Amino acid sequence: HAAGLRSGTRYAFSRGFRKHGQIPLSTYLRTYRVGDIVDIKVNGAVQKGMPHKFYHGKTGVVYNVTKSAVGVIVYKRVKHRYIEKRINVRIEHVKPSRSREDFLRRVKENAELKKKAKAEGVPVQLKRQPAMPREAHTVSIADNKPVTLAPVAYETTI
Amino acid sequence: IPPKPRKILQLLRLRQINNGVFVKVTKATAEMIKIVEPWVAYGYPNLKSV
Amino acid sequence: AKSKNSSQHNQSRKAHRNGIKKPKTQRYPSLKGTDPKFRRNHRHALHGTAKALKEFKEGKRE
Amino acid sequence: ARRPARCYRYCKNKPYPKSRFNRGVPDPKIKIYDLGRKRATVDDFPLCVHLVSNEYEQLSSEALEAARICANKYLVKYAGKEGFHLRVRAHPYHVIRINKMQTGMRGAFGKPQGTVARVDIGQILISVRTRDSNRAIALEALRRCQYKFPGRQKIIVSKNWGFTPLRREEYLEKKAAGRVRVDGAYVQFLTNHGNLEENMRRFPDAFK
Amino acid sequence: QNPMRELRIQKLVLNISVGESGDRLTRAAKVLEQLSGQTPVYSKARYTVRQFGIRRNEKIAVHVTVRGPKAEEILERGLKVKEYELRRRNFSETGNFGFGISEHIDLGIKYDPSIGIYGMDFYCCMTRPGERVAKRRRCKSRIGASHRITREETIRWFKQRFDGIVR
Amino acid sequence: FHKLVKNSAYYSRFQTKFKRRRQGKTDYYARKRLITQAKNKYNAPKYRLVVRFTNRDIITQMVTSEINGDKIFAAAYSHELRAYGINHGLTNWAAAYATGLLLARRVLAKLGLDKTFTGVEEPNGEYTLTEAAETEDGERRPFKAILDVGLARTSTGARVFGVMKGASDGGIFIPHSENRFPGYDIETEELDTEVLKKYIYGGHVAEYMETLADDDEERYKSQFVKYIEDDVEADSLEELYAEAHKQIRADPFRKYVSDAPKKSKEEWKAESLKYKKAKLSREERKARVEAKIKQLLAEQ
RNA sequence: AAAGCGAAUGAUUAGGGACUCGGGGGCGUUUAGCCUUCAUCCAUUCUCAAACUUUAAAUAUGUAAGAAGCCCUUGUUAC
RNA sequence: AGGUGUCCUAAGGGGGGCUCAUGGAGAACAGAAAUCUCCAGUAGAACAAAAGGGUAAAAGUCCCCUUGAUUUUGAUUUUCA
RNA sequence: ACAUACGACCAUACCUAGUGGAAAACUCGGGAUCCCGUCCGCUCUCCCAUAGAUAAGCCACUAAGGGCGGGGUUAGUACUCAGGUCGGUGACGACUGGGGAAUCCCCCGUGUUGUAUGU
Ligand SMILES: [Mg+2]
Ligand SMILES: [Mg+2]
Ligand SMILES: [Mg+2]
Ligand SMILES: [Mg+2]
Ligand SMILES: [Mg+2]
Ligand SMILES: [Mg+2]
Ligand SMILES: [Mg+2]
Ligand SMILES: [Mg+2]
Ligand SMILES: [Mg+2]
Ligand SMILES: [Mg+2]
Ligand SMILES: [Mg+2]
Ligand SMILES: [Mg+2]
Ligand SMILES: [Mg+2]
Ligand SMILES: [Mg+2]
Ligand SMILES: [Mg+2]
Ligand SMILES: [Mg+2]
Ligand SMILES: [Mg+2]
Ligand SMILES: [Mg+2]
């Protein structure tokens with residue numbers, strides 16, 4: 001048996017059905033800054049700057065920006081500890097991450113909520129709550145007569 | 001006991017048999033209780049019980 | 001004689017015994033592996049910023 | 001010859017079909033799956049009966065061939081050589097190996113011994129389509145042929161028309177509506193989604 | 001009515017497949033050069049030609065194509081030998097046609113034993129104006145189904161323009 | 001007999017190419033390298049002087065690439081040389097040079113660097129590139145753009161390089177060599193410059209006019225009928241193009257109005273809508289299906 | 001995992017519709033004469049894959065949920 | 001089920017023009033297969049070598065020019081302590 | 001709204017067949033001195049914008065079109081996580097607390113949009 005660099009990447013590194021050929025150029029048109037959070041997804045058509053198969057499907061933080069690639073910090077679990085790994089990835093294997101979009105939209109929503117609450121004199125709720133049990137309510141059967149169901153007898157269908 | 005139910009029971013503070021706790025029903029707590037269902041009996045207390 | 005070849009049976013429990021240590025993050029990360037041109041410029045940018053901050057207390061008054 | 005079928009009754013591994021990795025596989029014992037008047041039209045044989053597995057097990061090609069021979073002989077002698085159509089619907093694609101006894105368990109991967117059909121609960125093993133007057137003959141033929149199989153099998157009279165996937169009533173109404181055309185020993189159905197002229201010339205009675 | 005659908009001769013490609021390289025192939029190239037007024041080109045062998053003991057990459061044929069009035073007159077001289085008589089098999093379903101002469105000396109060329117005697121194959125490719133749509137580099141595209149030539153149309157054009165007979 | 005290749009399975013598994021590539025308009029291999037900016041330069045725009053040729057026009061654009069589509073910084077056309085005096089040969093090398101100069105001046109005026117970076121005022125065939133300019137703030141590097149030839153071939157003496165030379169003389173720094181200008185001799189690796197000046201001022205067209213008038217007067221009249229009608233002589237082409245360059249530099253925003261009918265945007269929208277054919281509805285298609293069924297049945 | 005093969009690759013059971021011939025063999029010979037037996041093609045059909053797949057779960061897995069944050073203004077640099 | 005101890009001045013680097021396997025029609029010798037022409041042709045070809053990915057104005061093929069198969073020392077990735 | 005150039009998504013855009021197309025644009029088009037390249041000005045390159053035509057490209061519409069896309073149905077089915085001193089000789093199955101597919105089949109649709117210059 002073998003332990004080469006791209007062992008077991010038959011499907012992960014492959015391009016999807018009817019997804020071959022030309023690479024969209026918005027990938028190259030994107031810009032990245034140090035501290036940005038990016039998702040790593042290996043493009044099989046770009047053999048330069050390929051990250052190892054472990055980092056495929058991982059999310060990290062950009063720590064270095066270069067001509068055609070970014071340095072990403074990932075944390076890899078080995079034995080009983082976490083190791084900080086730094087990988088140089090070409091842009092084609094890097095996608096900006098929505099892993100923080102909810103928080104980044106909540107921070108500004110909370111800012112406007114705070115200023116509006118201060119203006120209006122009544123505090124509002126800034127922190128999200130988990131789904132709560134449903135409240136009491138009344139269901140009218142007017143024009144919604146219940147339909148009585150019974151278990152069906154067994155019969156063969158072949 | 002498997003480690004995930006063990007951790008959930010530790011977080012619910014049910015570390016010993018015949019231990020009991022009050023829990024406010026939310027989605028977050030209900031999912032944990034559902035996971036540790038094979039180890040707990042739970043229900044809706046009345047004023048006398050409380 | 002023959003024996004067992006390999007096993008990962010107890011490794012997860014051994015790892016979790018004292019926790020999985022994740023190195024704590026710091027406010028200022030190391031500039032190791034950063035683009036050397038950027039590092040060379042950043043050195044002098046920091047030099048000038050410190051000089052301007054000292055002149056601000058000494059009379060520059062920005 | 002071969003090991004008793006007890007040794008290969010239960011599917012304890014992944015399928016092992018004959019292929020470019022598995023060469024040297026002997027031919028299956030069963031080679032004929034259709035018997036009787038297999039050229040008969042759909043309307044000729046409305047009644048259908050299935051011998052169906054009730055277990056998840058492996059059926060040998062030798063057992064399939066023996067059951068086919070028994071059922072075919074009974075049907076030919078009683079319902080006539082032109083009064084039925086019998087289809088064996090289990091195909092032995094899985095290759096079972098033997099480690100013929102360097103020595104001991106060293107290098108124990110075996111050479112191909114034979115072929116076997118993996119069947120599920122509710123999987124149809126044999127089907128017979130015939131006239132409604134041959135119901136008892138078909139039932140008895142299937143019951144006799146089931147003695148050649150391991151495990152439990154059930155004889156179920158299909159509610160469909162022959163080998164078509166349509167019940168008797170819906171098949172009859174679809175045929176009356178001109179929506180069914182006769183192919184060789186089978187039928188084709190109008191779809192109302194093709195070229196209009198082609199559909200009209202293929203199903204003329206459906207547009208009257 | 002046909003505004004811009006008049007059939008024109010796109011080109012006339014004529015070739016001699018000698019089957020072997022050497023002096024005879026060079027002489028075939030020479031006769032083709034003096035016929036066309038242009039230097040021809042040689043065709044390699046793509047596979048193991050057991051017919052004449054060839055394996056690969058050996059000159060076995062020479063050919064040249066002509067366009068315009070020179071092509072028209074050369075093809076007319078070829079159908080002089082063929083007596084304007086062609087079989088219906090000679091017309092392709094696309095709209096082109098062709099024919100072979102067993103010896104070239106019955107054309108407007110004087111016999112010379114130094115170069116020998118060669119037959120050759122003429123093939124006329126027809127077109128309508130606007131075929132550049134399928135051959136230009138930028139915005140290359142197909143031609144419409146109604147604008148392509150039909151075997152019957154080519155036969156009729158041949159009959160009308162050359163007064164020829166098709167059997 | 002004949003296995004049908006283009007069946008339902010073939011259609012289902014067919015992967016279409018990019019729409020622009022199917023249209024045969026964009027070379028995405030070249031585009032990637034043309035528009036991709038170094039990541040450590042962030043949002044610094046990469047400016048493309050894109051040049052395209054139609055049967056009757058020359059299109060020159062200063063373009064930047066954004067994530068959701070390109071942005072036209074400035075555009076110049078061979079249409080607009082009529083406002084500066086050129087009325088014939090709008091797709092020749094002289095017109096290409098003139099429209100490149102017009103686009104260069106337009107871009108410099110738009111971005112406020114026209115007083116500086118004048119380029120060369122009097123063109124010549126010398127191979128030069130716009131250098132940095134001195135000012136009260138010190139040295140300032142010229143505005144930079146790179147040529148985008150599309151699918152056109154970059155052979156020696158091409159009008160794409162004509163437009164590039166025009167813009168370079170206008171004052172935009174375009175990195176380029178000289179081994180593709182007309183008059184460059186590949187065998188000696190030298191630029192004549194005088195052939196280049198001739199091509200810049202359209203002298204090749206004038207010499208063609210003279211040769212045609214001397215040899216074949218009928219073909220000369222047929223080819224240059226509009227030149228005869230406007231009594232534009234071969235010798236006047238050089239001064240006409242020089243005056244066009246002077247006027248282009250004097251007023252890069254001169255407005256040209258064409259002879260085509262002119263309406264408002266709303267008027268054009270209404271007129272175009274008048275000729276728009278509407279799609280059939282589902283019920284209309286169903287009714288047509290029933291009508292066709294009945295007609296075909298009545299036929300047989 | 002499941003699912004699929006009137007979807008690619010590969011395996012596989014049966015008949016139909018025609019082709020004109022595509023191979024062979026004939027009947028009343030350059031007669032596209034009239035037949036036949038296969039082959040091809042076509043729209044259907046029974047059954048499959050650890051080293052097949054258009055699809056595609058459950059379990060499990062990466063990241064985030066602020067003060068080292070957010071907003072405004074303007075200082076440094078040799079990039 | 002298989003592969004490796006090699007092989008390549010190009011089968012490395014850059015640029016450009018072209019589009020392959022195959023099928024259907026056609027053209028003297030010429031036919032099942034030699035060359036020529038057109039039309040279809042999602043890659044069913046090719047890319048040194050196993051297999052799997054990847055590639056169509058290319059990563060294939062032909063042509064032109066070359067030696068980034070160069071100098072210096074670090075950083076990082078996999079196997080991993 | 002229509003056209004062109006440069007695009008974004010990359011078939012709702014592809015493929016086949018038929019019909020129609022104001023204005024302008026685009027196109028086919030004409031010539032081969034010069035620049036340039038071919039066996040051949042076929043392609044590429046240059047020159048003309050006169051003439052001819054929307055025949056083709058292009059655009060639009062049509063087709064119980066193939067394909068594609070969306071939805072339903074398949075189906076709470078297949079499958080699967082956790083549970084029992086559950087059933088069954090077994091193969092395997094049912095139940096409890098959860099998650100939950102994919103064909104065939106049916107219905108609908110056949111591009112959206114940015115910048116700039118124009119009609
Ligand atoms: Mg030992
Ligand atoms: Mg040991
Ligand atoms: Mg300790
Ligand atoms: Mg025994
Ligand atoms: Mg290029
Ligand atoms: Mg499976
Ligand atoms: Mg299949
Ligand atoms: Mg298959
Ligand atoms: Mg599998
Ligand atoms: Mg998932
Ligand atoms: Mg998750
Ligand atoms: Mg081995
Ligand atoms: Mg290579
Ligand atoms: Mg090379
Ligand atoms: Mg190369
Ligand atoms: Mg190339
Ligand atoms: Mg491939
Ligand atoms: Mg050099």
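Residue numbers begin at 1 in each chain, while the letters A, B, ... track the order of the sequences. Computed from heavy atoms alone, side chains included, the values below leave out hydrogens, waters and symmetry copies.
Judged by the 3.5 Å cutoff on both pairing distances, H/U35 and H/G3 do not qualify as a Watson-Crick or G-U wobble pair. Under the 3.5 Å cutoff applied to both distances, G/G75 and G/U13 fail to qualify as a Watson-Crick or G-U wobble pair. Pairing check for I/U16 against I/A63: the two satisfy the Watson-Crick or G-U wobble geometry, each of the two atom distances being under 3.5 Å. By the Watson-Crick or G-U wobble test, with both distances required under 3.5 Å, G/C21 and G/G62 do not count as a base pair. A Watson-Crick or G-U wobble pair links H/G26 with H/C36, both defining distances under 3.5 Å. Between H/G53 and H/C8, neither a Watson-Crick nor a G-U wobble pair is formed under the 3.5 Å criterion for both distances. Taken together, I/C40 and I/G20 fail the test for a Watson-Crick or G-U wobble pair, since the two needed distances are not both under 3.5 Å. Entry note: I/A82 and I/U96 meet the pairing test, Watson-Crick or G-U wobble at under 3.5 angstrom for both distances. With both atom-pair distances required to fall under 3.5 Å, no Watson-Crick or G-U wobble pair links I/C39 to I/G21. Entry note: H/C20 and H/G44 meet the pairing test, Watson-Crick or G-U wobble at under 3.5 angstrom for both distances.
I/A8: Watson-Crick or G-U partner is I/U112, with both key distances under 3.5 Å. Summarising the base pairing, G/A3 is matched to G/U53 through a Watson-Crick or G-U wobble pair whose two defining distances lie under 3.5 Å.
Contacts of E/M120 with the nucleic acid, taken as non-hydrogen atoms under 4.0 Å apart, include base atoms. E/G98 comes within 4.0 angstrom of the backbone, heavy atoms only, and of no base. Base engagement by E/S102 is indicated by at least one non-hydrogen atom pair under 4.0 Å involving a base atom. F/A158 comes within 4.0 angstrom of sugar-phosphate atoms only, judged by non-hydrogen atoms across all strands, and of no base. At a threshold of 4.0 angstrom between heavy atoms, the contacts of F/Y29 are confined to the sugar-phosphate backbone, with no base atom among them. F/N55 comes within 4.0 angstrom of a nucleotide base, judged by non-hydrogen atoms across all strands. Among the atoms of the strands shown, base atoms are found under 4.0 Å from some heavy atom of F/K265. Contact annotation for A/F103: base contact, defined as any heavy-atom pair under 4.0 Å involving a base atom. No contact: E/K140 has no heavy atom under 4.0 Å from any strand.
Residue E/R137 has no polar side-chain atom (N or O) positioned under 4.0 Å from OP1 or OP2 of H/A57. Regarding contacts with the backbone of I/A53, every side-chain N or O of E/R128 stays at 4.0 angstrom or more from both OP1 and OP2. Taking only side-chain nitrogens and oxygens, F/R153 never comes nearer than 4.0 Å to OP1 or OP2 of H/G16. For F/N92, no side-chain nitrogen or oxygen approaches OP1 or OP2 of I/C46 to under 4.0 Å. Close to I/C35, at under 4.0 Å from its OP1 or OP2, lies no side-chain N or O of F/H204. Distances shorter than 4.0 Å separate some side-chain N or O of C/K32 from OP1 or OP2 on H/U76. When the side-chain nitrogen and oxygen atoms of F/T26 are compared with OP1 and OP2 of I/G7, one or more of them lie within a distance under 4.0 Å. For F/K198, no side-chain nitrogen or oxygen approaches OP1 or OP2 of I/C34 to under 4.0 Å. Note on F/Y227: a side-chain N or O is less than 4.0 Å away from OP1 or OP2 of I/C48. Within the structure, every side-chain polar atom (N or O) of D/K14 is placed at least 4.0 Å from both OP1 and OP2 of G/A50. Dashed line: the shortest gap from a side-chain N or O of A/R100 to OP1 or OP2 of G/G69 is not under 4.0 Å. Contact between the side-chain N/O atoms of A/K85 and the OP1/OP2 oxygens of H/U77 is found at a separation under 4.0 Å. Side-chain N/O atoms of E/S146 include one lying less than 4.0 angstrom from OP1 or OP2 on I/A56. Put simply, F/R13 has no side-chain N or O that comes within less than 4.0 Å of OP1 or OP2 on I/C15.
Look at the P atom in both I/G69 and G/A56: the space between them is 11 Å, to the nearest Å. For the P atoms, the distance from I/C40 to I/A17 is 35 Å, rounded to whole Å. Straight-line distance between the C1' atoms of I/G7 and I/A64: roughly 39 Å, to the nearest whole Å. Between I/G67 and I/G98, the two P atoms lie 43 Å apart (nearest whole Å). Going from the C1' atom of H/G53 to that of H/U71 covers 36 Å, rounded to whole Å. Comparing the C1' positions of I/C86 and I/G97 gives a spacing of 16 Å, expressed to the nearest Å. A distance of about 49 Å separates the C1' atoms of I/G57 and H/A50, rounded to the whole Å. Nucleotides I/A91 and G/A58, compared at atom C1', are 25 Å apart to the nearest Å.
Taking the six-membered ring for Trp and thresholds of 30 and 60 degrees, D/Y186 and D/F189 have ring planes more than 60 degrees apart, a perpendicular arrangement. Below 30°, between 30° and 60°, or above 60°: for C/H47 and C/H44 the angle between ring planes is between 30° and 60°, a tilted geometry.
Side-chain contact of C/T34 with A/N64: a donor-acceptor pair under 3.5 Å is absent, judged by distance alone.
Donor-acceptor pairing under 3.5 Å, judged by distance alone, is present between the side chain of A/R128 and the base of G/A65. Residue A/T59 places a side-chain atom within donor-acceptor reach of the base of G/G62, judged by atom type and a 3.5 Å distance cut-off alone.
By the 4.5 Å heavy-atom criterion applied to side chains, A/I40 and A/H56 are not counted as neighbours.
Here G/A67 has a south sugar; its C1'-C2'-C3'-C4' angle has a minus sign. A negative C1'-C2'-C3'-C4' dihedral is found for the sugar of H/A56, placing it in the south range. Judged by the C1'-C2'-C3'-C4' torsion, the sugar of I/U85 sits on the south side, since the angle is negative.
Place D/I124 and D/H85 on RNA chain G by their nearest nucleotides, and D/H85 ends up nearer the 5' end. Toward the 5′ end of RNA chain I lies the nearest nucleotide of A/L29, the other residue of the pair F/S258 and A/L29 mapping further downstream.
Proximity of residues 2-11 of chain F to RNA chain G (heavy atom under 4.0 angstrom from any strand atom) is restricted to F/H2, F/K3, F/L4, F/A9.
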Which pairs, protein N/O on one side and nucleotides 71-76 of chain G N/O on the other, fall under 3.5 Å?
{"residue": "G/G75", "atom": "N2", "partner": "C/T49", "partner atom": "OG1", "Å": "2.7"}
{"residue": "G/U76", "atom": "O2'", "partner": "C/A45", "partner atom": "O", "Å": "3.2"}

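A straight line from CG of C/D35 to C1' of G/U77 spans 15 Å, rounded to a whole angstrom. Atoms CZ (E/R148) and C1' (H/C38) sit 12 Å apart, rounded to a whole Å.
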- Query: How does each nucleotide of nucleotides 99-115 of chain I score, in 5' to 3' order, for protein heavy atoms under 4.0 Å: base (B), sugar-phosphate only (S), or none (-)?
  - Reply: -------SSSSSBB-BB

